[PDB]
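Following: one structure in structure tokens, then a few remarks.
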Amino acid sequence: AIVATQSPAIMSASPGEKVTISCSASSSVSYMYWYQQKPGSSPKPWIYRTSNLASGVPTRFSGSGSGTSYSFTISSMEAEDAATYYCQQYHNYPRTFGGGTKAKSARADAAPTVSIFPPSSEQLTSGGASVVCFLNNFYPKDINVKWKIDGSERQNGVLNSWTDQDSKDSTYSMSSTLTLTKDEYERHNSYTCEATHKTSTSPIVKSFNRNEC
Amino acid sequence: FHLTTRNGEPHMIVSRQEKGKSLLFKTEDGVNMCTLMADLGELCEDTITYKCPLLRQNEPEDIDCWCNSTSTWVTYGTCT
Amino acid sequence: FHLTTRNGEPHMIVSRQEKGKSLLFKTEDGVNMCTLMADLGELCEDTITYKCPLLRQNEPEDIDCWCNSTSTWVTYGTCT
Amino acid sequence: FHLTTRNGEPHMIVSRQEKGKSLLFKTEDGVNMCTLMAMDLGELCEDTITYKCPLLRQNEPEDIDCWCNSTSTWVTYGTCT
Amino acid sequence: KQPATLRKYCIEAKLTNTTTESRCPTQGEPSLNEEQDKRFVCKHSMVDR
């Protein structure tokens, strides 16, 4: 009967920066919480009430608010901070969560390395055909891939998968796969994946002609 | 007694057979001990409901109910 | 509580620290269990004294004190 | 609470979350323990009140809601809610 | 026959679920949501704390 709305869905930050993460409730509560959740771990409680640290919480975390506003604050980010963090309300029935805020490490911008792969001969026995683009080792995570077949954009049949931010180099990588029927694949020659990313004023273009070598 | 809640706060529905005995119930913040000194009678239509304040090293004054770890609401009938 | 008598009958001088606990005292006719549900406060000048009837398989009505084996008198202060 | 001074004497700016808890602060003459019993203690705001918490050695308090046991201290808090 | 009813007066009543709420000096007037339920009788007062 109340929603909670938490302000950045994402959040890039560097160690030492002073992150702030807000929580906005659709009516006045005094009982909130901020959990923290690690990639392969339970949530843990970090704030309780609106400003109580839980025992075994670093004094780096603080919580403050009232009157529908509520605000986590991380006063000088550590590597071990990087996580999701999670408001609750526990002031009326259906206890609600927020949609979670995803604090991830950051670094200098890096352009993706893009490589395009026609369907393998083995897949083309199947009647399906997948064209794969890998977009590797880029930063920031925001990237958009547009596929074209003989000049015409194709949106249906595109599947994108992203790695988690790399634990050593802080980059992201992505696979973008265009799947079509083998019959359609052999009726066209040009296949293109175009990557829009802040590191270039125009997209990186990888393209091949099916019948060329 | 039946332990329920009233706006996130613990609420005690106290029956007649509990008159004169320490009321204990577990809570995240440890074990809570409320003391009921009330006209406490049989649970019926004539109920009264009010709060038992938290009292840390302070003598009670002008009250007949109080807890020592977490403020609790209490309800009991006056019938006999 | 101090056990004394009032005209051959048992009399209980109940102090503050006994509020909420079953009152037991041996008698020729076995063990007597009185139940005090009373304004029970500190023993002082403002006492009140009255009888706790014997109640065999009957629910109590309009009373806050009763025993189950032998009628007993009770006395306690109301101070706080 | 924020510890400051008022004419050489210690001054306590007490916030709302301290209601009901013993106030301790170190001083050359040892550790000072002031006791705040103000019923009207609220949120720190424009409506402040400021007054002194007397030193009380083996004497029961009378007609006061603030006192320390080692060194007289000034106290300030808001009444807002 | 069936003349207009002007006003119904209650001449005997009962009370149930009596509830009390109170705040400390300085923290404004307390409230109870049943204070919005037309079936209840309520009163506001001040008491030493």
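Ordered as shown in the structure tokens, chains take letters A, B, and onward, while each chain numbers its residues from 1 and ligands are numbered from 1 in the order shown.
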
Non-local contacts of residue 90 of chain A (12 Å; only C-alpha atoms; under 2 positions in same chain excluded) as a JSON list (two decimals) with N, CA and C atoms, in the first residue's frame:
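Saved as around33.json:
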```json
[["chain", "number", "residue", "atom", "x", "y", "z"],
["A", 1, "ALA", "N", 0.80, -1.23, 0.00],
["A", 1, "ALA", "CA", 0.00, 0.00, 0.00],
["A", 1, "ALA", "C", 0.84, 1.29, 0.00],
["A", 2, "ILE", "N", 2.16, 1.16, 0.12],
["A", 2, "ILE", "CA", 3.11, 2.21, -0.27],
["A", 2, "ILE", "C", 4.20, 1.61, -1.15],
["A", 3, "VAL", "N", 4.55, 2.33, -2.20],
["A", 3, "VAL", "CA", 5.77, 2.05, -2.96],
["A", 3, "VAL", "C", 6.95, 2.77, -2.33],
["A", 4, "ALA", "N", 8.13, 2.23, -2.61],
["A", 4, "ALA", "CA", 9.41, 2.86, -2.35],
["A", 4, "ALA", "C", 10.19, 2.91, -3.67],
["A", 25, "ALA", "N", 9.36, 7.31, -0.46],
["A", 25, "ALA", "CA", 8.15, 6.54, -0.11],
["A", 25, "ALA", "C", 6.84, 7.27, -0.43],
["A", 28, "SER", "N", 4.12, 8.79, 4.40],
["A", 28, "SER", "CA", 5.04, 9.05, 5.50],
["A", 28, "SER", "C", 5.25, 7.86, 6.44],
["A", 29, "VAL", "N", 6.42, 7.24, 6.33],
["A", 29, "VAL", "CA", 6.89, 6.17, 7.20],
["A", 29, "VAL", "C", 8.09, 6.64, 8.03],
["A", 30, "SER", "N", 8.35, 5.97, 9.15],
["A", 30, "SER", "CA", 9.52, 6.19, 10.00],
["A", 30, "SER", "C", 10.40, 4.94, 10.13],
["A", 31, "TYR", "N", 10.00, 3.83, 9.53],
["A", 31, "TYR", "CA", 10.72, 2.56, 9.59],
["A", 31, "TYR", "C", 11.09, 2.09, 8.19],
["A", 32, "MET", "N", 12.40, 2.15, 7.87],
["A", 32, "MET", "CA", 12.89, 2.04, 6.50],
["A", 32, "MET", "C", 13.72, 0.77, 6.23],
["A", 33, "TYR", "N", 14.97, 0.84, 6.61],
["A", 33, "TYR", "CA", 16.08, -0.09, 6.36],
["A", 33, "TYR", "C", 16.80, 0.25, 5.06],
["A", 34, "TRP", "N", 18.10, -0.08, 5.02],
["A", 34, "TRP", "CA", 18.96, -0.17, 3.83],
["A", 34, "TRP", "C", 19.77, -1.47, 3.99],
["A", 48, "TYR", "N", 18.92, 0.43, 9.77],
["A", 48, "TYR", "CA", 17.72, 0.11, 10.53],
["A", 48, "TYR", "C", 17.16, 1.44, 11.07],
["A", 49, "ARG", "N", 15.88, 1.47, 11.47],
["A", 49, "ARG", "CA", 15.11, 2.72, 11.58],
["A", 49, "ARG", "C", 15.23, 3.58, 10.32],
["A", 50, "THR", "N", 15.81, 4.77, 10.46],
["A", 50, "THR", "CA", 16.11, 5.75, 9.41],
["A", 50, "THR", "C", 17.55, 6.25, 9.51],
["A", 87, "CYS", "N", 16.55, -0.13, 0.08],
["A", 87, "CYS", "CA", 15.63, 0.35, 1.10],
["A", 87, "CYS", "C", 14.48, -0.63, 1.34],
["A", 88, "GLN", "N", 13.95, -0.63, 2.57],
["A", 88, "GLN", "CA", 12.66, -1.24, 2.82],
["A", 88, "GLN", "C", 11.77, -0.13, 3.40],
["A", 92, "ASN", "N", 3.93, -0.11, 7.39],
["A", 92, "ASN", "CA", 2.63, -0.67, 7.11],
["A", 92, "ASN", "C", 2.76, -2.02, 6.44],
["A", 93, "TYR", "N", 1.71, -2.83, 6.56],
["A", 93, "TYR", "CA", 1.59, -4.09, 5.85],
["A", 93, "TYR", "C", 1.62, -3.84, 4.29],
["A", 94, "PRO", "N", 1.65, -4.95, 3.49],
["A", 94, "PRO", "CA", 2.76, -5.24, 2.55],
["A", 94, "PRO", "C", 4.03, -4.44, 2.76],
["A", 95, "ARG", "N", 4.93, -4.95, 3.63],
["A", 95, "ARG", "CA", 6.33, -4.48, 3.67],
["A", 95, "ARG", "C", 6.90, -4.46, 2.26],
["A", 96, "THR", "N", 7.44, -3.32, 1.86],
["A", 96, "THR", "CA", 7.89, -3.06, 0.49],
["A", 96, "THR", "C", 9.41, -2.99, 0.48],
["A", 97, "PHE", "N", 10.02, -3.41, -0.63],
["A", 97, "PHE", "CA", 11.40, -3.05, -0.97],
["A", 97, "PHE", "C", 11.40, -1.89, -1.97],
["A", 98, "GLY", "N", 12.53, -1.19, -2.10],
["A", 98, "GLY", "CA", 12.85, -0.46, -3.32],
["A", 98, "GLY", "C", 13.35, -1.37, -4.44],
["B", 7, "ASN", "N", 0.47, -0.99, 14.46],
["B", 7, "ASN", "CA", 1.30, -0.02, 13.75],
["B", 7, "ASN", "C", 2.78, -0.31, 13.98],
["B", 8, "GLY", "N", 3.19, -1.54, 13.67],
["B", 8, "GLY", "CA", 4.59, -1.90, 13.81],
["B", 8, "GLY", "C", 5.04, -2.16, 15.23],
["B", 9, "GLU", "N", 4.26, -1.70, 16.20],
["B", 9, "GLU", "CA", 4.62, -1.89, 17.59],
["B", 9, "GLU", "C", 3.97, -3.13, 18.21]]
```

I want to know what sits within 10 Å of residue 25 of chain B, based on only C-alpha atoms, with residues of the same chain fewer than 3 positions away left out; could you give that as a ChimeraX atom specification? /B:1,3,10,12,30-34

For chain C against chain B, which residues fall within 10 Å using only C-alpha atoms, given as a PDB file with C-alpha atoms, in the first residue's frame?
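Okay, result.pdb is ready:
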```pdb
ATOM      1  CA  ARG C  16       4.007  -5.475  46.466  1.00  0.00           C
ATOM      2  CA  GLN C  17       6.504  -8.000  45.120  1.00  0.00           C
ATOM      3  CA  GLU C  18       3.869 -10.716  45.023  1.00  0.00           C
ATOM      4  CA  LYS C  19       1.601  -9.076  42.461  1.00  0.00           C
ATOM      5  CA  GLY C  20       0.974 -11.574  39.691  1.00  0.00           C
ATOM      6  CA  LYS C  21       2.012 -14.735  41.467  1.00  0.00           C
ATOM      7  CA  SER C  22       0.040 -17.692  42.771  1.00  0.00           C
ATOM      8  CA  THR C  35      -5.429 -16.215  43.281  1.00  0.00           C
ATOM      9  CA  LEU C  36      -4.937 -12.476  43.618  1.00  0.00           C
ATOM     10  CA  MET C  37      -6.020 -10.360  40.650  1.00  0.00           C
ATOM     11  CA  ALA C  38      -6.321  -6.986  42.419  1.00  0.00           C
ATOM     12  CA  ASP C  39      -4.844  -1.733  42.715  1.00  0.00           C
ATOM     13  CA  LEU C  40      -2.415  -3.949  44.670  1.00  0.00           C
ATOM     14  CA  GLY C  41       0.449  -1.662  45.677  1.00  0.00           C
ATOM     15  CA  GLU C  59     -16.101 -19.250  37.140  1.00  0.00           C
ATOM     16  CA  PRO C  60     -15.288 -16.110  39.183  1.00  0.00           C
ATOM     17  CA  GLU C  61     -17.631 -13.148  38.899  1.00  0.00           C
ATOM     18  CA  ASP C  62     -17.351  -9.645  40.344  1.00  0.00           C
ATOM     19  CA  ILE C  63     -14.214 -10.529  42.384  1.00  0.00           C
ATOM     20  CA  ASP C  64     -10.424 -10.271  42.147  1.00  0.00           C
ATOM     21  CA  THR C  80       2.948   3.302  45.216  1.00  0.00           C
TER      22      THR C  80
END
```

What lies within 10 Å of residue 203 of chain A using only C-alpha atoms, ignoring chain neighbours under 5 positions off, as a ChimeraX atom specification? /A:143-146,193-198

Long-range neighbours of residue 17 of chain D as an MDAnalysis selection string, 10 Å cut-off, only C-alpha atoms, 4 positions minimum in chain: chainID D and resid 1 21 41:43

Selection above as a file: N, CA and C atoms, as a PDB file, in the first residue's frame:
```pdb
ATOM      1  N   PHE D   1      25.897  14.940  21.004  1.00  0.00           N
ATOM      2  CA  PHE D   1      25.816  16.415  21.202  1.00  0.00           C
ATOM      3  C   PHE D   1      27.124  17.124  20.857  1.00  0.00           C
ATOM      4  N   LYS D  21      19.516   9.678  27.564  1.00  0.00           N
ATOM      5  CA  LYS D  21      20.809   9.055  27.758  1.00  0.00           C
ATOM      6  C   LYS D  21      21.813   9.954  28.449  1.00  0.00           C
ATOM      7  N   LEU D  41      12.384  18.382  25.735  1.00  0.00           N
ATOM      8  CA  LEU D  41      13.508  18.233  24.812  1.00  0.00           C
ATOM      9  C   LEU D  41      12.991  17.714  23.460  1.00  0.00           C
ATOM     10  N   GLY D  42      13.189  18.495  22.404  1.00  0.00           N
ATOM     11  CA  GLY D  42      12.721  18.071  21.097  1.00  0.00           C
ATOM     12  C   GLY D  42      13.770  18.099  20.001  1.00  0.00           C
ATOM     13  N   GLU D  43      13.401  18.634  18.843  1.00  0.00           N
ATOM     14  CA  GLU D  43      14.313  18.711  17.709  1.00  0.00           C
ATOM     15  C   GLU D  43      15.057  20.045  17.728  1.00  0.00           C
TER      16      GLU D  43
END
```

Considering only C-alpha atoms, return as a list in words whatever protein or nucleic-acid residues lie within 8 Å of residue 72 of chain D, sequence-local ones (same chain, fewer than 3 positions apart) excluded. residues 9, 10, 52, 53, 54, 55, 67, 68 and 69 of chain D

Contacts of residue 15 of chain E within 12 Å, only C-alpha atoms, excl. fewer than 5 positions in-chain, as a list in words: residues 45, 46, 47 and 48 of chain B; 39, 40, 41 and 42 of chain E

Write the residues of the preceding selection, restricted to N, CA, C and O atoms, as a tab-separated table (two decimals), in the first residue's frame.
```tsv
chain	number	residue	atom	x	y	z
B	45	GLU	N	-16.07	-7.52	25.94
B	45	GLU	CA	-16.36	-6.40	25.05
B	45	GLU	C	-15.82	-5.11	25.62
B	45	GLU	O	-15.41	-4.22	24.88
B	46	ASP	N	-15.84	-5.01	26.94
B	46	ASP	CA	-15.33	-3.82	27.59
B	46	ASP	C	-13.82	-3.94	27.73
B	46	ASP	O	-13.31	-4.38	28.76
B	47	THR	N	-13.12	-3.55	26.68
B	47	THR	CA	-11.67	-3.60	26.68
B	47	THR	C	-11.04	-2.25	26.99
B	47	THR	O	-11.69	-1.21	26.92
B	48	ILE	N	-10.00	-2.12	27.37
B	48	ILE	CA	-9.25	-0.87	27.27
B	48	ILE	C	-7.85	-1.11	26.72
B	48	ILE	O	-7.15	-1.99	27.30
E	39	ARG	N	-18.31	6.52	14.78
E	39	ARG	CA	-18.94	5.72	15.82
E	39	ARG	C	-18.27	5.91	17.19
E	39	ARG	O	-18.75	5.39	18.19
E	40	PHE	N	-17.17	6.66	17.23
E	40	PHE	CA	-16.45	6.89	18.48
E	40	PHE	C	-16.66	8.26	19.09
E	40	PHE	O	-16.97	9.23	18.40
E	41	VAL	N	-16.48	8.33	20.41
E	41	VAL	CA	-16.60	9.58	21.13
E	41	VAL	C	-15.16	9.76	21.60
E	41	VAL	O	-14.53	8.79	22.06
E	42	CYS	N	-14.63	10.96	21.43
E	42	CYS	CA	-13.25	11.22	21.82
E	42	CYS	C	-13.11	12.56	22.51
E	42	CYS	O	-13.96	13.43	22.38
```

Could you please tell me, as a tab-separated table (two decimals) with N, CA, C and O atoms, in the first residue's frame, which residues of chain E have an atom within 6 Å of chain B when using only C-alpha atoms?
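Generated file (part01.tsv):
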```
chain	number	residue	atom	x	y	z
E	16	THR	N	-17.35	0.59	24.23
E	16	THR	CA	-16.46	-0.53	24.03
E	16	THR	C	-15.15	0.00	23.45
E	16	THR	O	-15.06	1.18	23.10
E	17	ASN	N	-14.15	-0.87	23.36
E	17	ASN	CA	-12.83	-0.51	22.85
E	17	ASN	C	-12.39	0.92	23.15
E	17	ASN	O	-12.29	1.76	22.27
E	18	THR	N	-12.15	1.18	24.43
E	18	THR	CA	-11.68	2.48	24.85
E	18	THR	C	-10.17	2.47	24.62
E	18	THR	O	-9.46	1.56	25.06
E	19	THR	N	-9.67	3.48	23.89
E	19	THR	CA	-8.24	3.54	23.60
E	19	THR	C	-7.61	4.89	23.94
E	19	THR	O	-8.20	5.95	23.71
E	20	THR	N	-6.41	4.84	24.50
E	20	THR	CA	-5.73	6.07	24.88
E	20	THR	C	-4.35	6.24	24.24
E	20	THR	O	-3.60	5.29	24.08
```
